[PDB]
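Okay, structure first, notes after.
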Amino acid sequence: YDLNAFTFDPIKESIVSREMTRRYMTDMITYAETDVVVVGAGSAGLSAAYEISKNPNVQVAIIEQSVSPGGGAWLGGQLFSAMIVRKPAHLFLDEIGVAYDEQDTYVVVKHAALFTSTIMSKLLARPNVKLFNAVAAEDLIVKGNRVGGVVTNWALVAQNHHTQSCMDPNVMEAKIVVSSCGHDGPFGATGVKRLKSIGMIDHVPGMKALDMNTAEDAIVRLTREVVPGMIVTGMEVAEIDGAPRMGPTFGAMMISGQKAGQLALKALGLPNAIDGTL
Amino acid sequence: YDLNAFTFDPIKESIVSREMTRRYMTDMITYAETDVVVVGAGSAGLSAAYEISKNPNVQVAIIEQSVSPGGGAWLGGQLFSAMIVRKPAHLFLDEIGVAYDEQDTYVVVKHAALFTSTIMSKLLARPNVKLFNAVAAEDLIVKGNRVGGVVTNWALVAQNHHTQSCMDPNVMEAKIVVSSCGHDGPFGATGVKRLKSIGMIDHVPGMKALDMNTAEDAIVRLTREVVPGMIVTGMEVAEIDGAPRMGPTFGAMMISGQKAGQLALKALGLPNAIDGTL
Amino acid sequence: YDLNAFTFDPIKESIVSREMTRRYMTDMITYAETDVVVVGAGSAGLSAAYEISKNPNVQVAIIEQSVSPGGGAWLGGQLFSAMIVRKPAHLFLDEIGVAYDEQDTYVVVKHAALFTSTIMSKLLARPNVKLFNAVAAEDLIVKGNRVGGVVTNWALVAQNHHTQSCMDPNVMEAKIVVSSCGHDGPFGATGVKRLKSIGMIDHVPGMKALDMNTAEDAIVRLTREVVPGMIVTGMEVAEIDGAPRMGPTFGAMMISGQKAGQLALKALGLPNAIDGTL
Amino acid sequence: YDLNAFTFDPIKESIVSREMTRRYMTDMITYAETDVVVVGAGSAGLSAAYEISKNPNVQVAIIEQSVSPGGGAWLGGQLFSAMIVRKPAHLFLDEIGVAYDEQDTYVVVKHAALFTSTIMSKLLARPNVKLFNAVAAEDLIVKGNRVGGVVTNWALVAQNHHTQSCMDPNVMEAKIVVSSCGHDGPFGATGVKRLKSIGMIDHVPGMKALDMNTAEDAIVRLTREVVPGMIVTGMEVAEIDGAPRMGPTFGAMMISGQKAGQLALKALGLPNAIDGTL
Amino acid sequence: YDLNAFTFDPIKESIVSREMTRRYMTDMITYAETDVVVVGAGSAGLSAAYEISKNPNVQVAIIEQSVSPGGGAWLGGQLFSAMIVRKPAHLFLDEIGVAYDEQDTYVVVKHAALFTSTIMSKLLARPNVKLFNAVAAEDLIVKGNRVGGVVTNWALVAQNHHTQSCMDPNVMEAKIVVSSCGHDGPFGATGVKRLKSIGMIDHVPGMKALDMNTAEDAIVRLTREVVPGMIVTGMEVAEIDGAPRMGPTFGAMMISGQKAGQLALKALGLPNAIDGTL
Amino acid sequence: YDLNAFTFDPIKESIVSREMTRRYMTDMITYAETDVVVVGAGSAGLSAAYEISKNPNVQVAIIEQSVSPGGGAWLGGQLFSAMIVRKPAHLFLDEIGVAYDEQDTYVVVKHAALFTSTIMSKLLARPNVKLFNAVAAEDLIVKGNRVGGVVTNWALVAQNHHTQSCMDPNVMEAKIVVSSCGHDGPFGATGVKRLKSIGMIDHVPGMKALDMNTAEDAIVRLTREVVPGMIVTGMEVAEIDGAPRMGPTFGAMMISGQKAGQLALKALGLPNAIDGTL
Amino acid sequence: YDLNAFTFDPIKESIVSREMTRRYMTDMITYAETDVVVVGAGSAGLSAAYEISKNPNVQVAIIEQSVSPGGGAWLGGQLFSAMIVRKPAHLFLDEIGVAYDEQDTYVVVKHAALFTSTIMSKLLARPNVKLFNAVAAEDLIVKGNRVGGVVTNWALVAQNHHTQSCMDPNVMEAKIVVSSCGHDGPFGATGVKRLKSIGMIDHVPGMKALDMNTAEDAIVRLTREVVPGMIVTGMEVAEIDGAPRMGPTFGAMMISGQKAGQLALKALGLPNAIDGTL
Ligand SMILES: [Zn+2]
Ligand SMILES: [Zn+2]
Ligand SMILES: [Zn+2]
Ligand SMILES: [Zn+2]
Ligand SMILES: [Zn+2]
Ligand SMILES: [Zn+2]
Ligand SMILES: [Zn+2]
Ligand SMILES: [Zn+2]
């Protein structure tokens with residue numbers, strides 16, 4: 001084509017609508033009963049989805065309330081750019097294909113956005129992954145003390161129940177829920193806060209003050225299937241357990257998310273790194 | 001008449017004013033002491049008022065804070081249209097004259113708005129029914145151990161005590177109050193929250209996580225005269241009892257409401273389906 | 001069934017989701033290219049859709065930004081209930097089946113909500129009609145000198161472009177658009193304001209001060225195909241033409257809407273009352 | 001009675017409701033066609049109503065959007081208390097029975113609230129005066145280039161058309177409207193701003209900068225029947241005419257309002273000070 | 001003077017400023033140590049101030065956060081006008097000179113504003129009373145478990161500590177504080193809520209549901225010196241004690257306030273009705 | 001004193017109140033008619049007040065709407081600290097006693113806050129200077145063709161005319177007004193916007209795009225008595241004249257202010273640097 | 001230079017940017033591990049930083065969330081100017097060079113702004129002091145049982161986690177943190193509220209009611225290293241200890257701050273007035 005004399009092939013508006021609709025319809029029908037739902041597309045949730053979907057047989061829905069995925073991983077600290085990842089999580093960066101400046105006990109990715117865009121590109125390309133962005137998980141499906149999926153709505157509806165006539169949610173059944181809701185914002189820690197309000201867990205003390213050396217090891221260690229059918233990963237772990245926060249460093253999110261992914265595979269009865277069967 | 005050359009008969013502005021004033025103020029005088037007040041015109045409250053007002057002896061005031069009645073029954077889930085009603089509540093739809101597409105354990109009304117408009121149209125035509133919309137129930141009338149009506153105001157006043165000099169409420173005495181306030185919004189669960197703040201009940205746990213099979217049977221079961229003079233119906237039942245929620249399905253709202261209406265007839269000493277005397 | 005011992009047939013959450021999704025997305029595909037789109041489900045828009053859809057050949061989509069349809073027709077004036085309809089528009093009420101208390105030059109419907117629910121119930125039951133509520137028309141489709149449909153989005157999105165990353169709209173092609181957006185609210189007069197901002201008309205003076213005798217005859221008279229492909233009806237007519245307003249009387253809305261429907265049938269080449277071929 | 005052992009006579013809640021309702025109903029029926037409506041109960045509007053209602057045969061409705069009447073006359077300047085009134089308007093204070101500290105060219109009432117409460121008490125006691133507080137004039141009634149009354153609503157509705165489904169206004173016919181809307185607030189200058197938007201006057205330049213000596217004489221001089229059926233008085237005069245403001249002094253408001261009252265009597269064909277017939 | 005040819009005597013702007021300033025200064029100096037401060041100028045606070053200041057030797061400061069005094073006594077219920085006062089409180093109306101329509105167990109003042117304006121006019125005329133409107137009591141002065149006055153600020157500052165750099169309060173010492181803060185609004189029940197937060201009282205259950213017959217007698221009975229140096233009166237009594245509310249009736253406010261006034265006189269060691277020494 | 005065993009001398013709350021009241025109200029009386037009022041205590045206004053008040057004959061009131069004085073001079077750009085001052089304005093820094101790091105065509109003050117605090121400390125110590133902070137100039141006093149002072153109120157009142165009953169302003173007469181209101185914020189360019197709305201100047205184009213080399217020389221040049229009685233200085237000059245802006249450099253503000261001060265001395269008939277008589 | 005013909009030396013925009021960037025980022029690197037961080041630049045925090053930085057060996061970072069430093073020390077009470085300082089804290093004023101009007105048990109600084117500007121000017125000139133304004137301390141660094149610095153962000157970010165994708169904080173390590181966050185505003189008492197939410201202290205009762213004689217001595221007394229690594233000073237002490245407040249008097253803030261500074265020097269192992277080694 002010539003950028004100086006450019007013509008698009010013709011279109012009809014109604015075709016564009018119908019293509020989008022049909023495709024979103026079929027996705028919602030498929031994923032109404034899914035193997036894994038990941039709630040939250042921050043560094044931890046992306047890392048978990050990336051790890052799980054390496055198994056091509058596993059269906060992965062990602063529910064993200066924001067229009068943009070990525071969570072807090074578009075920046076470092078104080079609106080600066082550099083992303084510090086402590087060793088040995090730089091091996092995870094190697095696998096995804098993200099360059100870094102190597103230091104002695106850590107590496108520096110030149111922009112957090114480079115990690116986030118790269119992992120998302122590789123993740124979203126896979127046929128077994130679907131991103132439902134601009135959609136919130138408002139609640140859980142819980143039957144006989146097992147989490148069995150999530151209660152969904154458009155994110156803007158979920159934040160506007162006070163300004164309109166009622167707007168019921170939808171429902172997505174899942175074998176395993178990976179809750180990766182962070183701590184930040186009006187949606188922070190949605191999943192663990194709901195476990196508490198329905199009496200399935202007893203306390204959500206909230207994250208403690210900052211201590212990077214304690215926090216990152218603790219967050220990985222504490223990542224687990226918290227109740228039957230629900231794994232918690234990322235900063236949401238610190239909320240439920242009262243672990244210290246780590247601030248502007250990203251290794252624990254990546255590793256927590258990877259561990260959560262392997263826990264989800266285990267929960268599905270599939271080869272996994274938790275068992276040593278992978 | 002001719003749509004091409006159309007003339008309305010003459011009017012005067014004063015006539016319009018006086019018509020609306022004389023009629024509304026007459027209705028307020030009529031209903032200031034009444035048989036039943038239904039608080040909330042959602043699916044459960046409309047169903048309750050519909051059921052009660054089948055008896056002509058019985059005067060029924062419906063108090064609805066929104067300008068529009070209907071509550072959460074203008075939509076299905078995720079801003080979609082279809083209204084799922086589990087059997088055998090399709091027999092209630094048959095009685096009201098709402099068509100549906102039948103499936104094995106449920107039916108589908110093509111638009112929630114078709115239910116709501118249809119039942120409202122039949123209900124409002126009745127001479128013993130009065131809709132006071134744009135009016136909130138701010139509080140209860142309680143004398144000794146018994147609910148004896150509601151404390152009312154324009155909904156916008158009830159929402160703007162923070163912005164103007166004080167604006168006292170009005171009062172409506174009733175033999176029975178049917179509280180159908182839902183759980184959603186700033187007015188969610190007004191009646192049961194008030195029973196708790198005045199010490200007449202102990203807790204309002206809030207609805208639990210979603211489980212349609214448990215929730216709908218539970219809401220019907222738990223629909224009751226909670227304290228002397230006050231029946232609670234619809235999702236407000238889940239709030240008081242800590243029942244699971246059901247999300248985008250509507251049978252329990254209709255049946256809970258119908259049961260609440262029958263309980264109100266029984267409380268008034270009238271033939272009813274609770275006793276088997278209807 | 002027994003209200004004392006009540007059991008719903010079994011369900012699964014996934015069934016409810018898939019039912020609502022399959023049906024809504026099927027409707028969107030059906031109506032993405034359609035015969036008539038009515039924007040606004042107030043008294044004028046409901047009247048127009050009611051009139052058009054008397055012809056079964058004609059597919060009619062109603063776009064309503066609010067969750068609740070009905071517009072300003074849930075109340076009379078000053079939050080009072082009575083709906084004044086000047087003669088001879090009481091003949092339209094007769095046709096729809098809405099009772100009234102007759103006076104000399106007008107009739108009184110006991111509650112505006114009785115009109116609105118009744119006409120909606122009859123309208124929505126029809127197979128050729130689809131209500132897309134909680135959906136705003138953000139813009140028009142205009143090709144050359146002609147309106148060819150509407151640009152749509154969830155209403156909450158259309159109201160929240162200031163708070164999230166961009167969220168493109170959808171598109172619905174139509175042979176005729178009937179714009180019935182009122183004057184009230186942030187969406188008041190959307191269609192005529194847009195004709196002005198794209199240069200297809202010159203001014204939108206806004207409604208003038210109140211004069212019922214002038215206003216209602218004027219609104220009917222001025223109801224028209226304003227530009228090729230687009231009819232304007234109801235109070236949106238006053239905005240474009242600088243007509244006086246009428247306040248709490250509703251005959252002109254019903255008759256303007258009826259005339260707009262007949263004008264749409266005429267524009268589609270069908271038997272109609274404008275020509276005298278119905 | 002004994003303040004140490006006090007018992008009220010018994011009451012029924014429904015009686016209180018019915019008394020308020022019946023009385024407000026009859027007032028609204030009476031005043032739906034009134035001789036004078038005064039819009040705004042600030043110092044100018046109170047002064048105008050006080051002057052007019054000295055004729056016991058003249059019906060006076062006062063429409064005030066705030067719950068509290070009094071407008072800007074509860075304080076002096078900068079939240080201080082003293083009310084400066086230039087001579088010879090202290091003669092007006094003498095008539096109403098408001099004490100002052102007399103200085104050479106002006107007097108000082110010790111609290112603006114003393115003037116406001118005193119004039120209101122004397123005004124409201126009269127049988128031909130009715131105060132409709134918490135009610136806004138949203139618009140005018142205009143028929144054939146004469147103002148014929150006002151379009152009313154509850155004030156909170158008039159400020160909330162953007163948050164609810166539409167809420168039509170009511171209407172009050174009047175022989176003469178006295179617009180006394182001030183300049184301050186979101187309702188400031190309602191009446192003259194509407195004259196401009198409907199093309200009945202051509203410009204509303206807004207008040208000029210402060211100059212007490214020019215402003216107070218000018219405001220009195222310019223008080224007039226601005227268009228047929230509508231007198232403007234008080235600070236709203238400065239808005240329409242572009243007169244200077246006067247800030248924390250009150251004589252012109254009192255005298256403007258008195259003049260407006262005498263102009264209203266003249267407009268009604270009654271003895272008055274404008275003609276020298278009183 | 002001639003309303004047709006009117007001239008004010010000359011003024012200088014700076015004189016107006018200086019008069020207001022000097023006068024407000026001297027008032028604030030005088031009242032920085034006062035005999036009684038009444039917090040809240042609603043029906044109860046006005047009634048208390050009116051009762052106390054019948055003793056010309058007693059200094060009374062009234063602190064009212066709103067620009068307009070009067071509290072909730074500008075209206076009846078539901079924005080209607082009539083003020084119901086149960087017998088025998090109509091004797092209080094007789095004393096103040098407020099007309100009413102006499103019924104069997106109650107009387108009806110035609111507009112609540114007639115009571116409020118009349119009592120305020122008589123109250124404010126007295127030399128020993130000062131109204132500090134647009135000023136909030138933010139806190140109490142408490143020394144050795146006795147209330148010794150109030151912590152004040154301009155009301156707008158008291159509501160804007162979140163939008164500006166810090167703005168310290170002022171202080172007013174008092175022999176007795178009469179707290180009459182109502183229950184309504186963001187300032188509702190200021191005085192009793194502060195007693196609770198500083199541990200001087202133990203519970204503030206809040207007002208119970210409506211029951212006029214119980215409430216009005218209870219409110220009068222419970223009006224008292226709650227802690228040394230502080231009397232509570234009006235609806236604030238119901239907040240501290242958990243008494244029922246009474247809604248749109250005004251006798252208890254008047255009588256509570258009168259009793260509070262006589263309690264204040266007693267606390268000052270002066271002749272009073274509590275002792276039978278008056 | 002001993003920080004380990006520290007006792008303050010005794011106080012009484014009333015003393016503190018009376019001290020603050022007597023002093024402030026005395027200052028208001030002093031300055032109600034004054035020589036110069038400076039509106040705005042940003043870098044330009046502080047510089048102007050500093051320059052003028054070098055003459056002891058001259059009384060200078062500074063009106064600043066914010067609680068904190070200093071305007072935009074607490075920071076450099078992008079929330080960084082360093083304050084760039086182009087030569088030869090470093091000579092003004094020398095005079096005030098502000099250190100800097102010298103470069104070739106400019107100097108760097110280490111923190112903008114060091115300039116602002118330093119100049120304020122020297123300015124405020126002077127007996128002829130009074131800072132009225134938390135006070136806005138809402139309007140001008142204009143008599144005939146000449147500015148003669150300012151219309152003042154508490155800043156929060158000036159921002160809350162939409163939320164309360166009216167609150168009149170106060171007035172300060174001045175021989176000269178120096179308007180230094182900046183361009184930023186809701187109060188940006190108050191003085192020049194007012195000249196335009198009262199018709200004394202024709203346009204306020206607003207500042208143009210950034211060009212430091214053009215802008216700083218232009219702002220100094222254009223600093224002038226714009227209309228009789230009123231000098232405009234600082235970025236408010238760019239707004240009136242359509243000059244380019246300079247962004248994060250401060251020399252023009254200091255020099256414009258100094259020139260404005262010299263112009264004020266000249267206007268007062270005093271020795272000045274404009275004429276060469278200083 | 002000539003104010004009549006004024007030319008600035010040339011500049012380039014890039015130079016200004018690079019100057020501000022290089023300097024700020026150099027300061028951030030310097031202070032990322034530092035001796036003392038003072039959180040809050042109100043009267044107590046400025047006094048503490050002033051006291052500490054008398055020792056040149058000691059690096060002191062001041063973190064202030066507002067753009068303007070100074071806290072509540074720009075005004076006295078009720079937006080009045082005079083700053084009351086009880087003796088013997090006037091000796092601290094003597095040392096800083098702030099003039100006052102002496103009384104018997106206290107002195108009066110003519111404007112609070114004179115104190116604040118003066119102390120800031122002396123403080124900020126010192127080479128060992130850095131003001132990071134527009135920067136909030138969001139959290140603490142806590143390792144084991146000890147506070148080791150602060151978690152920082154731009155203040156606007158710290159206030160806008162609800163409106164944007166996540167924005168991680170930054171970190172500053174410190175040997176000692178002096179928390180001087182006041183009680184006022186959304187950031188009031190940040191440090192002590194955090195000690196409570198992480199479980200390091202048990203309660204934050206909040207300040208009690210006003211009692212100047214008790215409060216000021218108590219605040220000095222209670223100023224302490226509350227937990228290892230963290231001193232609390234100023235009104236934040238009242239919040240943690242439930243001390244009474246003092247309102248518009250400032251001696252305790254200055255003395256508490258001075259004591260806090262001496263406690264910080266002692267904690268650093270340096271000569272100090274707590275020990276008597278200074
Ligand atoms: Zn109330
Ligand atoms: Zn819901
Ligand atoms: Zn777009
Ligand atoms: Zn309207
Ligand atoms: Zn004003
Ligand atoms: Zn700027
Ligand atoms: Zn975070
Ligand atoms: Zn404070």
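The figures that follow rest on heavy atoms only: side chains count, while hydrogens, waters and symmetry mates do not. In listed order, ligands and their atoms are each counted from 1. Numbers restart at 1 for each chain; the letters A, B, ... are given by sequence-line order, proteins then strands.
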Is a side-chain donor or acceptor of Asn213(E) paired with a backbone partner of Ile11(D) at a separation under 3.5 angstrom? yes
Margin query: Assess, by modelled atom type and distance only, whether the side chains of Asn170(D) and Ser17(B) contain a donor and an acceptor separated by less than 3.5 Å.
Written below: yes
- Message: Within the 3.5 Å criterion, strictly below it, is a donor on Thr223(F) or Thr233(F) matched to an acceptor on the partner's side chain?
- Response: no
Exercise. Does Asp168(D) put an N, O or S atom under 2.8 Å from the Zn ion (ligand 4)?
Worked result: no
The Zn ion (ligand 6) -> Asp184(F), closest N, O or S atom is OD2
For the Zn ion (ligand 4), the nearest N/O/S atom on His183(C) is atom NE2
Nearest heavy-atom approach of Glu236(E) to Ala189(E) is OE2-C, 3.4 Å
